[PDB]
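Residue numbers (the authors' numbering), protein chains in the order written: chain A, 1 to 140, 142 to 382; chain B, 2 to 136, 153 to 275, 307 to 382; chain A', 1 to 140, 142 to 382; chain B', 2 to 136, 153 to 275, 307 to 382. A prime marks a further copy of an entry chain.
Down below is the structure, laid out as structure tokens.
There are 4 protein chains.
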Amino acid sequence: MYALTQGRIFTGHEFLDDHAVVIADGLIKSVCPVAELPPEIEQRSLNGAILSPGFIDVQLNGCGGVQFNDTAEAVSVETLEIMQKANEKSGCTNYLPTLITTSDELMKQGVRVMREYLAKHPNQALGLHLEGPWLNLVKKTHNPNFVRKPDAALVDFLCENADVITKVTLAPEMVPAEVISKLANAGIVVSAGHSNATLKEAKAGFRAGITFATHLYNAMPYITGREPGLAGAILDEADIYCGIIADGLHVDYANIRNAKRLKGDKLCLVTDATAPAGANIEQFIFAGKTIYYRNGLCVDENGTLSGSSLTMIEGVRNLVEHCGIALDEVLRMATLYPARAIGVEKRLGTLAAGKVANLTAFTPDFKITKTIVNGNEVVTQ
Amino acid sequence: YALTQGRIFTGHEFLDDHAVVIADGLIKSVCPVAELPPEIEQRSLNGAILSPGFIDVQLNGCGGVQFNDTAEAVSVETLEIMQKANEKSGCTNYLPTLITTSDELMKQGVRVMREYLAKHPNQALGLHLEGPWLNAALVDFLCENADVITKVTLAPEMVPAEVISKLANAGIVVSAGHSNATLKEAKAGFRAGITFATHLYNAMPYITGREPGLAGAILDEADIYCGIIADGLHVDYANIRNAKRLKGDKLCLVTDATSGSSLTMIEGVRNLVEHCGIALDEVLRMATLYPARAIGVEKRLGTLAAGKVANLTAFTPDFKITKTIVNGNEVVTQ
Amino acid sequence: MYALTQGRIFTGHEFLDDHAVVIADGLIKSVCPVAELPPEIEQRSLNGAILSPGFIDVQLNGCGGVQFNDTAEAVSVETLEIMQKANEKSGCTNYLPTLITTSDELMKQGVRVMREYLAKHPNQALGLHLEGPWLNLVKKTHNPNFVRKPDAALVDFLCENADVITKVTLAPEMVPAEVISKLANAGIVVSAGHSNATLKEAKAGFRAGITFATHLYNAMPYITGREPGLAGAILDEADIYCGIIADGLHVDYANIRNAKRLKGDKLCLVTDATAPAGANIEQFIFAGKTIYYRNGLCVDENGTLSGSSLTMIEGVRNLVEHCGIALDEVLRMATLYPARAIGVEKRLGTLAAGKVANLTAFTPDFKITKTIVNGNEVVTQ
Amino acid sequence: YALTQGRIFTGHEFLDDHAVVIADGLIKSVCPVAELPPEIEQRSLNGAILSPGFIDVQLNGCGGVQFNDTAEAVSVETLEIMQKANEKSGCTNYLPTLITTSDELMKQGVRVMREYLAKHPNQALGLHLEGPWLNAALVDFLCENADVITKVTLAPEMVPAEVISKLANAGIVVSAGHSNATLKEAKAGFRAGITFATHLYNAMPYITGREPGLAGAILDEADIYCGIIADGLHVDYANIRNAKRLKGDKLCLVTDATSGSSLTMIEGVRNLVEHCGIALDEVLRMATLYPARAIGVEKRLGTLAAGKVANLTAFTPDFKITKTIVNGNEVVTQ
């Protein structure tokens, strides 16, 4: 066992001066005053850095030059390992690989690869986030509340594999309530996204079991006075968690401020990043389109914003500098809040006895100095 | 006289077993019924709720008339008829809208307002000019006549900052509306002196992720007052709920009355309570104290307290008006 | 099956006009528009009443002329049945019988009686609330973090009987952290109360597992500028739930307003009532003192406030009339919020498909018109 | 000149790659560095944060002097020495406390204040009289001299309502403090015209379940401004956090400087950020815009905007003052 001391410690509930985090057997054993440490335990200095739970990114397509998408070779255990290592360098110790697809064979490959990865790599990539196939794709028969035969067989496959599927994003207006309810009752977080839902359709989705929404404001209707749409609905429904992309490009910061005030402890930082995040990519392929990284910006051939390159630490920095959200609350948006949203808070999201030892430390300038995964230092800077 | 035997809402709290003593057009005291002078006349509320009289800062027409539409409508008679119609729905004070781009007609509205004000204190409070900068000699004229022009609505993207600043320093409430302003344009209008916005969400841009527009700007700017139409038709109730949470004590109930609104203030109060989850105390503040502060008349109106104007309304728990009182006189009895 | 229609329906998340609650086999089967009802189902009119989840009172000593306290004959299954029937008349379908004691034999009797009652009466009195023995009784050795032998054997008994103990109220400064942690890990809600805890001692209690506080402001230190005490600590700790007595007598309404604003969705209405609630008692015995009910007020021989006679419906009425809290939010304080606080929200606290059919209806004047328990009408007025 | 190359906080937002142009003791503009006139002199901030100058509305003494303690201390020299000491910690504006029950000494403080004000615009802003009604000719005198008396602290339970009302209508901020007031007594003081409270929690009753007292009343009254001492010593940080949540934009950082406080405004700012979970933008507002509004000087002070007084301070991310600027002159350079 060892202790981290000599920096500001953020537990998820407060900042601590002159305290220590004891780590043993991959766990946080205690958080205590320095003076309540065991005689001659090894102290490892934080050097005035802020110590945090490791960041948790619940929507991530790609990073470190790779994507968990588009081809059979990319939808691999190696891709997930690469993405984990890149995430660490920006303080992110946990993520949901996000596979956006309508293809049955890729989706089954993604489930198999997630299971193989999980047997070898605990408390890292947590489970799959599937965004597909029930999306209302940029655009806009049934009484959509009737289950079609292919949709029944698909929902059955997803429910049988709930042990490696953390989240399914879907458009509520495109799917029967029974499908949302079956997924939720199997333990899968059902998220509203890529949707043209009215406020009324959104609320029917919530009542059927949706508890999350995927990147608020993006790929959702605009908000009008008479038609609040899915986004207005999220903002008005206090029990719905939601991700937001804090790059300054996808969502104007004033809309992030408004969202934070309305959502309280339900607003989660996400990157929704792609391959260029934490890498040196100039162009790549995503859901069948060429995207250029030129710079700051992921743009298609028409110059349209078409991806994120955000890292979690950059997101934390943007929320504090440009959204007037206090650092403790920002850290919660990157740790505790997403942990609760996906039901992993018994193991992650705070620094407290019994929790997994996944931590990151950073300077007051938002430069990562340490990342710790299962108690092992994996980034020293 | 004294008003007794009901729930008295002062603007800051509800009071039981209290009384409102009224004398010479003013509230003299709010006290326990025990402290009441002997032989003072008591007028029972009969279990009704008593409120400051409602103040509607965005009103085009009511009682079958508009201060607008033709030419002869801009008159003292029109303002008198609108006052009387407003009283039936608990509303004691309002700002009539004059929509025009004619300098001469504005000059006429100003002298009519002035004449009304001498004849009829504490009723229609001043002009709401909506026009013409919607999406030079005029500015100084308005400035000169600030004492009878309460509110000017303009689109900030259509005017130089100095026009806004000149209006605001003369004492006029400058309100953003009928505007396609971006967030950046809205924020430039606010820095120039805009303190209000006219019927949030309506005649403004939609809110998108990348472009919050004026509506998003107003939501994000703590110090900007704004009206909202609470008929369930102009604004979905969920958007009202969202706006109340972000605006706090800056959200004001308005009717925008004349495809047109037919809302009255007492209807808006009921709709806010029944469909927006806002407590009755706070809804009453949205119809009284908040608009009063927005337009700078809080010293004489917007609460039931010693020395303020005796403008009151009473209503049953089902939101039916039982009394309206103006300068201490009962003008509606139901 | 039958449907309740023709009144305003409060689900826990919204009010509904022109809708229906379908009840079958003791459960809510659906909440739907009137027009989405089955052809010729029996409709039972609400007659313009407001329909709510039944109220849930997590701190209750006695009501209907009886108390679950003080003597071996009173700590009985019959007492619990009586209290259930009295609670129904004021819209309360669920409670935690609250036994305040330091006596080992009464406490074991209370556990046995709670188990016997529960086998015969589902979804009614939910489990025991024990307030004892680790109380700092009005007044004020160890390093209180060392476990004494009798306290170990007691904590072991409570943990073995967690299946019928819902909550234990204790003073954090009087008990070891290990005891709080063992109770919490056995599933028992540990609540801070009857305590002289400083802010520092309160927070150590929270970190060890306390997630509730018993009747905020009452039998806790006052709040000073330099010493916030247990109450200040509760108000500052967002994840701590707490009960508050809304009779206008125990807590000034301005302090209830301040608490609601600081606690958000964590503030729960409780009665903390005694025998006179819902009865015609003039005097009675409670924790060894004579109390007089004279009227409005439960007073001892010295005229000191010494009990509550509040019912849940009176509490709801007081919060709306005197605290400026909107009716929907008040109803949540009496239903959803206490259900979550004690972990019964999968079965109770809202009107939604699959939930237990425990409901009450009341006029806009706060007069109970219906109470429904396990789908059966038990109060018609 | 222009201030460039740092984070500029206007009071409403933080700006990057902007400049603050200063001319004739005033802020002329806040603009993008691209829009800067050619050959204007630039003074680098060197990555510091630039803020309106801090405004301390509760200050007894600093720089080794009090406007108090003996007799000769009530002088223009004293106010000048306190100004200079305040500038070193980023504070450009303050209200000195005069604690006395001597009419003659108050009369002296008033003429000294008046003389200071002619010699030294936009610095010590006016008097804070604390006394004598702490727990007739005097009232009218104070009223007459409202133009140099900014703030009077009294205990509301010790004065008739009419005394409070007379002070407030003359223009003085009437503040409850050094009081044992119950909630009911506090609320009667507010209705009479009290709009402020002096150092929340300190020299007030404790809060009990049944008796919230003055502190509980202030927390529950949305429209009452109040100061709070953020040294970690006078008020536990948890109580500050609780008070910020309930008071919103009405909570002001004060030092109460002279068992005594040694807090400076820049120390308070750091302590609020580091120990109270309040964002830096909002803390800066607690030290600038909020006190400015409380005492009615928001038209000239409390934000960085066109036409306002050029009173500014800059500090490193570690809260060390690098510049202080008063009427456009750099009075501290570190």
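The beta-carbon is built from N, C-alpha and C at its ideal position, and this holds for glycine as well.
Query	Result
Within-8 Å CB hit, B':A327 to chain A	yes
Assigned exposure category for B:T102 - 16 Cβ within 10 Å defines buried	exposed
A':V331 to B:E330 span [Cα, whole Å]	15 Å
For B:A220, the nearest candidate out of B:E131, B:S30, B:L37 (CA to CA)	B:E131
Pick from A:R262, A:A193, A:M175 that is closest to A:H143, judged by C-alpha positions	A:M175
Bridge-paired residues (DSSP) for A':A20	A':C32
Residues within the region 325-351 of chain B neighbouring chain A', beta-carbon criterion of under 7 Å	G325, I326, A327, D329, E330
Per DSSP, the bridge partner or partners of B':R318	Beta-bridge pairing links B':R318 to no other residue.
Limits of the unbroken alpha helix (DSSP H) element including B:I82	77-88
Coarse secondary structure for A':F158, derived from DSSP in three states	helix
First and last residue of the uninterrupted alpha helix (DSSP H) at A:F10	Here A:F10 belongs to no alpha helix (DSSP H); instead the beta strand (DSSP E) covers 8-10.
CA-to-CA distance, A:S30 to A:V345, given in whole angstroms	19 Å
Beta-carbon gap between B:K356 and B:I28 smaller than 8 Å	yes
is_contact[B':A358, chain B] using C-beta, thresh 8 Å	no
is_contact[A:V21, chain B] using C-beta, thresh 8 Å	no
Interface partners of B':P365 on chain A, CB under 9 Å	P365, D366
Whole-Å CB distance - B:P173 paired with B:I181, under 8 Å assumed	7 Å
Buried or exposed (CB count within 10 angstroms, at least 16 for buried), B:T98	buried
Boundaries of the beta strand (DSSP E) in which A:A340 is found, first to last residue	Careful: A:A340 lies outside any beta strand (DSSP E), inside the alpha helix (DSSP H) at 337-342.
Proximity test, Cβ basis, 8 Å: A':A255 and chain B'	yes
Under the three-state DSSP convention, the category A:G325 falls into	coil
Nearest-angstrom beta carbon gap, A':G279 and A':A86 [assumed within contact, 8 Å]	4 Å
A:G226 at chain B interface by Cβ criterion, 8 Å	yes
Through-space distance from B':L51 to B':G325, alpha-carbon basis	21 Å
Pair within 8 Å by beta-carbon distance, B':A247 and B':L263	no
Three-state class that DSSP yields for B':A247 in the structure shown	coil
Distance between B:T71 and B:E105 (C-alpha atoms, nearest Å)	14 Å
A:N146 beta carbon less than 8 Å from that of A:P177	yes
Residue-chain proximity (B:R208, chain B'), Cβ-Cβ < 8 Å	yes
Buried versus exposed call for A':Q84 [16 or more other C-beta atoms within 10 Å across all chains shown]	buried
Cβ of B':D104 within 8 Å of any chain B Cβ	no
B':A353: contacting residues in chain B (beta-carbon distance under 9 Å)	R208
When B':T370, B':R258, B':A354 are compared against B':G7, the one with the closest alpha-carbon	B':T370
Pair within 8 Å by beta-carbon distance, A':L37 and A':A74	no
A':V374, enclosing beta strand (DSSP E) - first and last residue	369-374
Of the listed residues B':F10, B':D17, B':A154, nearest to B':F55 (C-alpha basis)	B':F10
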